[PDB]
Amino acid sequence: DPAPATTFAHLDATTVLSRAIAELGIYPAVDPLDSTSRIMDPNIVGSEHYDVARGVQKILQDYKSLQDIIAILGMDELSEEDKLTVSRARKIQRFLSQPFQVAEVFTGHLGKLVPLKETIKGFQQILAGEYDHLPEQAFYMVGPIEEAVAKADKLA
Amino acid sequence: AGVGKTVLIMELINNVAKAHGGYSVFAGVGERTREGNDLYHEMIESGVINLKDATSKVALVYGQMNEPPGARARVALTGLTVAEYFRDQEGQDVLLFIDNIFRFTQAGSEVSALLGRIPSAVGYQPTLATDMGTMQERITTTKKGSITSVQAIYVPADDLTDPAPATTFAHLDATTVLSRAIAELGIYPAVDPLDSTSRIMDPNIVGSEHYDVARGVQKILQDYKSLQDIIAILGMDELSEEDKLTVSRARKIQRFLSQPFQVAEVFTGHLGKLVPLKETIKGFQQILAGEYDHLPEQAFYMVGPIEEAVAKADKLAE
Amino acid sequence: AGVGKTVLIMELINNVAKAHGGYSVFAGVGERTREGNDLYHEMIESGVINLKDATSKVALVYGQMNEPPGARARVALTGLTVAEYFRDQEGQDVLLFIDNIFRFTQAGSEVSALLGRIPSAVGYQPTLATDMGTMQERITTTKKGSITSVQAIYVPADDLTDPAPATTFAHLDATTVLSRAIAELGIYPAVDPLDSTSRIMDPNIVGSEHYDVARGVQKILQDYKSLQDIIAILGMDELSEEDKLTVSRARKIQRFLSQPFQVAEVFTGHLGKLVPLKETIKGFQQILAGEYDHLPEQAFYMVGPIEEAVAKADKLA
Amino acid sequence: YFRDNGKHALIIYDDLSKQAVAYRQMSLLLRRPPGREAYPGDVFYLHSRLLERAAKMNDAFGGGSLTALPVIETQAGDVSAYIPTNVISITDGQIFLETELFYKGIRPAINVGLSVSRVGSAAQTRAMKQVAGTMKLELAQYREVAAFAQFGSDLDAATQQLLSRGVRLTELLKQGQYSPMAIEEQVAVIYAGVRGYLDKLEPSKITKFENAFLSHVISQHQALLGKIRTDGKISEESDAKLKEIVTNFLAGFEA
Amino acid sequence: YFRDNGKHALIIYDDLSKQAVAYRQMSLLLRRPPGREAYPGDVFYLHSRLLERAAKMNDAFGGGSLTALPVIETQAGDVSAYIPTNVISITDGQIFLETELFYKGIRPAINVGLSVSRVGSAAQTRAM
Amino acid sequence: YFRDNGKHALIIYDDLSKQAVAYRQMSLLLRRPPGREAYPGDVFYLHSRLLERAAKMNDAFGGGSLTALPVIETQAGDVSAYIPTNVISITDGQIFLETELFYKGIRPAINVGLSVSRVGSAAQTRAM
Amino acid sequence: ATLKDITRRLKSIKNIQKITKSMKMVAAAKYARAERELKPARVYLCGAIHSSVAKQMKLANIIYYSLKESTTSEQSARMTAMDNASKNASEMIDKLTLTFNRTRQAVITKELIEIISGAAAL
Ligand SMILES: Nc1ncnc2c1ncn2[C@@H]1O[C@H](COP(=O)(O)OP(=O)(O)O)[C@@H](O)[C@H]1O
Ligand SMILES: [Mg+2]
């Protein structure tokens, strides 16, 4: 729409919320493939950060292309490679969610403020396959990756 | 935009016009100036234009994109009038190439509101069809002389239903429709075999074998077209050995449809091939008959006659 | 078309006249001259019109397609005035057929267009809802009587969310859906029992009895429909007691929903039947119970009251 | 002139799409208010007033008639567009043409599922009624299963027969251009198909069959072709003679 | 200036979408009736005139040249839209980028099937 | 009247969709410039000024209150349309009724998952 | 969004619904016979079927028993698979017809407003 459209060129970082993400329970409902930042550069945020962010984005885009197929036949016709992407993608999606202090009433969780390093670490590990053995729901609505584990144990 | 109109009409001047006995007229209307310069110098080299004597067989009229709306709205009439003279005052077979006749229509729309008119659908002037009709009805063979016209026709935003192209269809006798979708796969010329038509494609004219082959090719192509999206999801495994066998020949025919153009050497990186009608019919006849079922699809991609794809098949070994 | 519509209309006329004393008015909005004369001469032959003695029950108002927009925009109004006379002066329960409501909106649009107004969404006139509201409200139950309107609806582009249809839905209380599939099953009237709906289908309005029966018939029918699949594939041989009864009952009800229209006589050679609301409720209520399970399908097909189902059965053995 | 003097005329308006464009031209230049696609509010009235003049006059007015076949061009199949929307509602039915059908081999590219005639049988002879009803039912059953074709690798003999009739009939619906046939010849070739005689012939051959068979009955069996008219329908004799002819012929055709 | 003195210059127009928006403004405020998408009738001309000015001169004219790289922003990836196509129908080719390739890690995110050069190998060294 | 005089009132606006269409009939007849779904620019203000008027006064202004239950009809559950989003952007939450739930017999047909209440918890009884 | 597109997708996805629908029916019949022959025999794309056995994979009597169980299972899975797949296609058709009608409406309104704007500025 004219308004928003014209507004994108006046920003240095944009956070594009999504109705379809929110509806899935994901909060903040940020769209990981539509929010960008001029600082997203290896000479500014450093290569470790840059790499992990690009890694996450590629797995999310890969998942997204598979959606066209999933929709009709489901996951049964996916290669074992594909499935892998679908499992991590889904743990990346959920681990992007996070309880806000201001939204305690609606999430029913205590707020979390995760430090940058801890954010890189958790995403690196999911990309590595380090937690390919935990269940998706573990990664929903937590802080640091550590809580995903603790939450996993609780589930058993 | 960018599917091949001009390449293809350059190919036609190269084959038809160069061999043509009689005069020719080229009107560049609302197109690129560089193209004008390209063509001019190419024709001087082929001798079609001679600057040192009176052997020139082609007159040129230009009104490109760097000119204001009035010019672009009137150039085609300029081109057209020169051709008209050769037609009536000689009867001699006159060739007329116009690239691109849409620019006559776009030019009008360009000054339409300043002329006081309420817009019509899609922003076009209300006199589009009448404007087009008084012009196009002059571009015609008559009892006195014959003009073979070839008009490049732009299609806004790729939509063939756009008022302009849509209204141009009935003024023609044969239409070659180009598709970005096809071009996008590397098939050139990007012609659409399921959207190109010709008044003379009738068994009592091109004869039976010609007609039958053509119809045969379009049917196998339409069959496949309607399955693509289907097996894309369901899979090929359910297709019977007879169906999946047609999908092979469909794809081969698809590719055998491509052809390196002399004029497009700079883009294909291939030597231009030219195929005679008869060899064309045989190639396609043969493919339809299962014959080359044993050759790989890529054999057929970008060659001349059928024999070339047989060759290529071998070279594909390594 | 081809689904018994002109026959339904003709029956309703004749049925509301016999059982309520009120007449009918037929407003043809952008009628096609050809179908109009056919509808006339077909009305004469069914008897709902009489070219001789005053037994005519219907008054016709025709706004033909060759007429300028304003005429076709007004005709429903004219026919609505005739119908108002029978309500406000004779205290009757008038029937008002409007064929079809879509062409009333279009004429609405074309008029506004000539009047120089800015069109609204999807091209309709700015005053679509008001144009609609001022005609429809005149259609109600007043202290002296009432006007009930049967209006043919065309849905543009098959889009129920189009401004035209969505506006009309605002004023409809029920819908009669005529279906070719049902016609094909020789079921007359070709009314689809699961699509047709009514707002007044609330126990608070038609009572608890009527309600429960209706739901019972609707349910038995939904279950059957579902079974179809199994029946054909897994074979209709492993159906439990409860499963075979549904299929047999469903099929009796379904056939018991057919009914010889008094207007059909002229060709069917069979006496038309007008079923009272008590026989209807009771009739289906009993079938549901299984009270008439000991009867052949064809016993319920094209009959009247429940009585006639048993009768026919004994005869058919 | 013909309609009013006991004569019958046929009028083709090719196309009404363009007349509407001409009329819109004049309307916009006259600065009348534009509407959908920039058409004037009285565009529907332009056509309605035209097409209603087409009519069947009663005996008291000479019994003449005017039939009208108005053409409309759609854009990429859009039958809901403005002028097609209007002319579809004015007329008594539509013969829908499709590109996909055309290139598949179906020509005339008529879409049997979507085309209609509200008049229908009312203006169909008894012989054609007879065979046409069967064919319209069979084709309708065919359409339902026609998708399972290329993927139903285990279809039951029942659904497998629906398919065979359906291909057979579709083929009998094909027809060369500029060769309009007589009603009796139409029932005769339809008869073949609807009677199952061509269920064994290979689909690719049906077109060649029809052409030979029809040339043959036109030659040797004129008498049968006239009887088909006389009797109005397929008489018990005609029905036997056809059986002999097609059987033998077919037999020779697959020699 | 370079072009007409035997020198070679390259000009980037970043971007022509915003320019068209500014034109549209000016036009509408001058009371000129709006056309397709509100843009004035001559929006192609607006761009056509401009881009023809980028050229290769002959030796008699100094042999200098102006090369242009206009930029156009699409909305939601539709290269077959009015404006977009207007500009594609002017230049000598187009490089089309995409977010989906971009995120798949294809950077530069060039879409080979939709991108073209209308000059071909005439603009490449023999080597390349 | 109730709100400013220490009393509590509840207004039900049934429905704002139909009011927006009437306002649209006024606007197009005034020749105001049509936008989304041919609605005027101010359709948002039409509802906003209205619903801001429902409020909770503190004790220094009498502690009264006015509660609003505006009603919006959607077409085929399209809660993303102009009007529906407009009112969603004004009110403090929404109760969603799904066509599916209703027809399936679930009454009241509330879609617990998509219904919200931005400021109701604090007003919910401890017993609940 | 584009009417051309959506219409295409609808044509595909509508076909896919029927095909899949028929595969469910074929699978259902096969399974039914199998199920019957299940017990007797116990005295002597098909979903994740193939997937399962293979992933884990890393005379007469046995051959007969194995094969008998396998067929039953396969035809049951494929029946389920297609049942779900046709169901997915129906839902998707429904949701695309909605989209098609929203876009259709918006397009008509958009062209209308362009026309009126240009008429009104004269
Ligand atoms: N026959 C062809 N073989 C190979 N590439 C071609 C051919 N025709 C066109 N192309 C490619 O597509 C581009 C666009 O073709 P062109 O004729 O210039 O577009 P338009 O149809 O807009 O005039 C060419 O520069 C070339 O790269
Ligand atoms: Mg060109």
# chains A, B, ... in the order shown; residues from 1 in each chain; ligands from 1
>>> interface_residues(of="chain G", to="chain C", cutoff="7 Å", atoms="only C-alpha atoms", output="PDB file with N, CA and C atoms, in the first residue's frame")
ATOM      1  N   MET G  25     -10.078 -44.423  -3.649  1.00  0.00           N
ATOM      2  CA  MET G  25     -11.096 -45.449  -3.887  1.00  0.00           C
ATOM      3  C   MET G  25     -10.501 -46.782  -4.322  1.00  0.00           C
ATOM      4  N   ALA G  28      -8.802 -48.250  -1.409  1.00  0.00           N
ATOM      5  CA  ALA G  28      -9.803 -48.767  -0.473  1.00  0.00           C
ATOM      6  C   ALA G  28     -10.308 -50.148  -0.866  1.00  0.00           C
ATOM      7  N   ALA G  29     -10.544 -50.354  -2.154  1.00  0.00           N
ATOM      8  CA  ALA G  29     -11.026 -51.646  -2.628  1.00  0.00           C
ATOM      9  C   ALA G  29      -9.968 -52.728  -2.425  1.00  0.00           C
ATOM     10  N   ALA G  32      -9.625 -53.739   1.140  1.00  0.00           N
ATOM     11  CA  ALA G  32     -10.774 -54.518   1.574  1.00  0.00           C
ATOM     12  C   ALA G  32     -10.612 -56.010   1.304  1.00  0.00           C
ATOM     13  N   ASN G 101     -11.845 -14.422  -5.897  1.00  0.00           N
ATOM     14  CA  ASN G 101     -12.956 -13.467  -5.870  1.00  0.00           C
ATOM     15  C   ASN G 101     -12.571 -12.162  -5.204  1.00  0.00           C
ATOM     16  N   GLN G 105     -12.775  -8.712  -7.454  1.00  0.00           N
ATOM     17  CA  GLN G 105     -13.503  -7.542  -6.990  1.00  0.00           C
ATOM     18  C   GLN G 105     -12.623  -6.319  -7.006  1.00  0.00           C
ATOM     19  N   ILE G 108     -11.790  -4.948 -10.566  1.00  0.00           N
ATOM     20  CA  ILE G 108     -12.908  -4.218 -11.153  1.00  0.00           C
ATOM     21  C   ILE G 108     -13.013  -2.833 -10.533  1.00  0.00           C
ATOM     22  N   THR G 109     -12.918  -2.739  -9.212  1.00  0.00           N
ATOM     23  CA  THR G 109     -12.978  -1.433  -8.565  1.00  0.00           C
ATOM     24  C   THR G 109     -11.844  -0.500  -8.951  1.00  0.00           C
ATOM     25  N   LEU G 112     -12.122   0.939 -12.324  1.00  0.00           N
ATOM     26  CA  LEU G 112     -13.278   1.852 -12.329  1.00  0.00           C
ATOM     27  C   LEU G 112     -12.834   3.204 -11.818  1.00  0.00           C
TER      28      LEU G 112
END
>>> residues_near_ligand(ligand="ligand 2", cutoff="7 Å", atoms="only C-alpha atoms and all ligand atoms", output="ChimeraX atom specification")
/B:5-6,31,99
>>> residues_around(residues="residue 27 of chain A", least_positions_apart="2", cutoff="7 Å", atoms="only C-alpha atoms", output="list in words")
residues 22, 25, 29, 97 and 98 of chain A
>>> closest_atom_pairs(of="chain A", to="chain G", cutoff="6 Å", atoms="only C-alpha atoms", output="JSON lines")
{"residue": "A:72", "atom": "CA", "partner": "G:85", "partner_atom": "CA", "distance": 5.3}
{"residue": "A:73", "atom": "CA", "partner": "G:85", "partner_atom": "CA", "distance": 5.3}
{"residue": "A:76", "atom": "CA", "partner": "G:48", "partner_atom": "CA", "distance": 5.5}
>>> closest_atom_pairs(of="chain E", to="ligand 1", cutoff="7 Å", atoms="only C-alpha atoms and all ligand atoms", output="Markdown table")
| residue | atom | partner | partner_atom_place_in_ligand_line | distance |
| --- | --- | --- | --- | --- |
| E:89 | CA | ligand 1 | 22 (O) | 6.1 |
| E:93 | CA | ligand 1 | 25 (O) | 6.7 |
| E:116 | CA | ligand 1 | 27 (O) | 5.5 |
| E:117 | CA | ligand 1 | 25 (O) | 5.2 |
| E:118 | CA | ligand 1 | 25 (O) | 3.0 |
| E:119 | CA | ligand 1 | 25 (O) | 6.0 |
| E:120 | CA | ligand 1 | 27 (O) | 6.3 |
>>> write_last_selection(atoms="N, CA and C atoms", output="PDB file, in the first residue's frame")
ATOM      1  N   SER E  89      11.138  -2.172 -21.602  1.00  0.00           N
ATOM      2  CA  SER E  89      10.887  -2.043 -23.023  1.00  0.00           C
ATOM      3  C   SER E  89      11.682  -0.886 -23.569  1.00  0.00           C
ATOM      4  N   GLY E  93      18.218  -4.536 -22.084  1.00  0.00           N
ATOM      5  CA  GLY E  93      18.340  -5.725 -21.220  1.00  0.00           C
ATOM      6  C   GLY E  93      17.972  -5.349 -19.785  1.00  0.00           C
ATOM      7  N   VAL E 116      18.403 -10.349 -19.172  1.00  0.00           N
ATOM      8  CA  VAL E 116      19.019 -10.489 -20.492  1.00  0.00           C
ATOM      9  C   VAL E 116      19.881  -9.268 -20.826  1.00  0.00           C
ATOM     10  N   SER E 117      20.727  -9.442 -21.818  1.00  0.00           N
ATOM     11  CA  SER E 117      21.480  -8.378 -22.436  1.00  0.00           C
ATOM     12  C   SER E 117      21.136  -8.348 -23.927  1.00  0.00           C
ATOM     13  N   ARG E 118      20.802  -7.187 -24.439  1.00  0.00           N
ATOM     14  CA  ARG E 118      20.425  -7.170 -25.866  1.00  0.00           C
ATOM     15  C   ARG E 118      21.620  -6.902 -26.774  1.00  0.00           C
ATOM     16  N   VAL E 119      22.819  -6.972 -26.205  1.00  0.00           N
ATOM     17  CA  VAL E 119      24.051  -6.697 -26.917  1.00  0.00           C
ATOM     18  C   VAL E 119      24.895  -7.949 -27.070  1.00  0.00           C
ATOM     19  N   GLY E 120      24.732  -8.886 -26.159  1.00  0.00           N
ATOM     20  CA  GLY E 120      25.387 -10.174 -26.207  1.00  0.00           C
ATOM     21  C   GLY E 120      26.899 -10.083 -26.140  1.00  0.00           C
TER      22      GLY E 120
END
>>> atom_distance(atom1="atom CA of residue 34 of chain A", atom2="atom CA of residue 104 of chain G")
26.9 Å
>>> residues_around(residues="residue 70 of chain D", least_positions_apart="5", cutoff="7 Å", atoms="only C-alpha atoms", output="PDB file with C-alpha atoms, in the first residue's frame")
ATOM      1  CA  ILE D  12     -25.294 -13.488 -37.320  1.00  0.00           C
ATOM      2  CA  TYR D  13     -23.868 -10.397 -35.573  1.00  0.00           C
ATOM      3  CA  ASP D  14     -20.048 -10.801 -35.775  1.00  0.00           C
ATOM      4  CA  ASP D  15     -19.194  -9.433 -33.303  1.00  0.00           C
ATOM      5  CA  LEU D  16     -21.274  -7.554 -30.717  1.00  0.00           C
TER       6      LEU D  16
END
>>> decode(residues="segment 9-96 of chain E", atoms="C-alpha atoms", output="short mmCIF file (atom, residue, chain, number, x, y, z; two decimals), in the first residue's frame")
data_model
loop_
_atom_site.label_atom_id
_atom_site.label_comp_id
_atom_site.auth_asym_id
_atom_site.auth_seq_id
_atom_site.Cartn_x
_atom_site.Cartn_y
_atom_site.Cartn_z
CA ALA E 9 30.93 7.87 -18.72
CA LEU E 10 28.64 5.60 -16.77
CA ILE E 11 25.48 6.91 -15.05
CA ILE E 12 23.35 5.13 -12.47
CA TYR E 13 19.77 6.39 -11.99
CA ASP E 14 18.85 5.22 -8.49
CA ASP E 15 16.04 4.92 -8.81
CA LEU E 16 13.63 5.74 -11.67
CA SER E 17 10.61 4.51 -9.70
CA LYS E 18 10.84 7.40 -7.30
CA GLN E 19 11.41 9.73 -10.23
CA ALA E 20 8.15 8.61 -11.80
CA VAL E 21 6.39 9.19 -8.46
CA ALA E 22 7.74 12.74 -8.36
CA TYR E 23 6.61 13.29 -11.95
CA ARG E 24 3.15 11.97 -11.20
CA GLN E 25 2.95 14.47 -8.34
CA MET E 26 3.92 17.42 -10.42
CA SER E 27 1.68 16.36 -13.24
CA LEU E 28 -1.44 15.90 -11.06
CA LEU E 29 -0.80 19.23 -9.33
CA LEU E 30 -0.54 20.93 -12.72
CA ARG E 31 -4.12 19.66 -13.22
CA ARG E 32 -3.23 17.08 -15.91
CA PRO E 33 -5.67 14.19 -15.83
CA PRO E 34 -4.30 10.92 -14.39
CA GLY E 35 -3.87 7.80 -16.56
CA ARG E 36 -3.07 4.14 -15.77
CA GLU E 37 -2.16 3.77 -12.08
CA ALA E 38 -2.56 7.52 -11.64
CA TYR E 39 0.61 8.10 -13.61
CA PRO E 40 0.35 10.52 -16.53
CA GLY E 41 -0.06 9.19 -20.08
CA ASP E 42 3.51 9.95 -21.11
CA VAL E 43 5.29 8.13 -18.26
CA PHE E 44 7.03 5.85 -20.80
CA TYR E 45 8.13 8.94 -22.73
CA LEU E 46 9.41 10.28 -19.43
CA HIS E 47 11.87 7.48 -19.27
CA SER E 48 12.27 6.77 -22.99
CA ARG E 49 13.66 10.23 -23.81
CA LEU E 50 16.11 9.92 -20.94
CA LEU E 51 17.54 6.51 -21.69
CA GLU E 52 18.00 7.08 -25.41
CA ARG E 53 20.55 9.72 -24.44
CA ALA E 54 22.87 6.93 -23.37
CA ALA E 55 24.68 5.93 -26.55
CA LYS E 56 27.86 4.95 -28.32
CA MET E 57 29.20 7.68 -30.65
CA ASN E 58 31.09 6.99 -33.86
CA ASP E 59 34.70 8.06 -34.53
CA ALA E 60 33.55 11.00 -36.60
CA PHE E 61 31.76 12.14 -33.46
CA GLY E 62 34.62 11.45 -31.09
CA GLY E 63 33.88 7.85 -30.38
CA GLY E 64 32.83 8.64 -26.78
CA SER E 65 29.86 6.98 -25.04
CA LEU E 66 27.24 7.18 -22.30
CA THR E 67 26.27 3.88 -20.61
CA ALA E 68 23.16 3.77 -18.38
CA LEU E 69 22.06 1.66 -15.44
CA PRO E 70 18.59 2.84 -14.42
CA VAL E 71 17.22 1.08 -11.31
CA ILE E 72 13.51 0.14 -10.88
CA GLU E 73 11.85 -1.07 -7.69
CA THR E 74 9.19 -3.74 -8.18
CA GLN E 75 6.41 -4.52 -5.69
CA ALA E 76 6.16 -8.18 -4.56
CA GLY E 77 8.25 -9.37 -7.49
CA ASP E 78 6.06 -8.57 -10.51
CA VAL E 79 8.28 -7.81 -13.49
CA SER E 80 5.21 -7.85 -15.75
CA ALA E 81 3.71 -4.67 -14.32
CA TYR E 82 3.06 -1.37 -16.12
CA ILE E 83 6.08 0.69 -15.02
CA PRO E 84 8.58 -2.16 -14.79
CA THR E 85 7.64 -3.28 -18.28
CA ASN E 86 7.72 0.30 -19.57
CA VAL E 87 11.40 0.51 -18.52
CA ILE E 88 12.32 -3.04 -19.62
CA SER E 89 10.89 -2.04 -23.02
CA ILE E 90 13.37 0.80 -23.23
CA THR E 91 16.73 -0.46 -22.01
CA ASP E 92 19.02 -2.95 -23.72
CA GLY E 93 18.34 -5.73 -21.22
CA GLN E 94 17.69 -6.07 -17.51
CA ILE E 95 19.29 -7.67 -14.50
CA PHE E 96 16.39 -8.98 -12.34
#
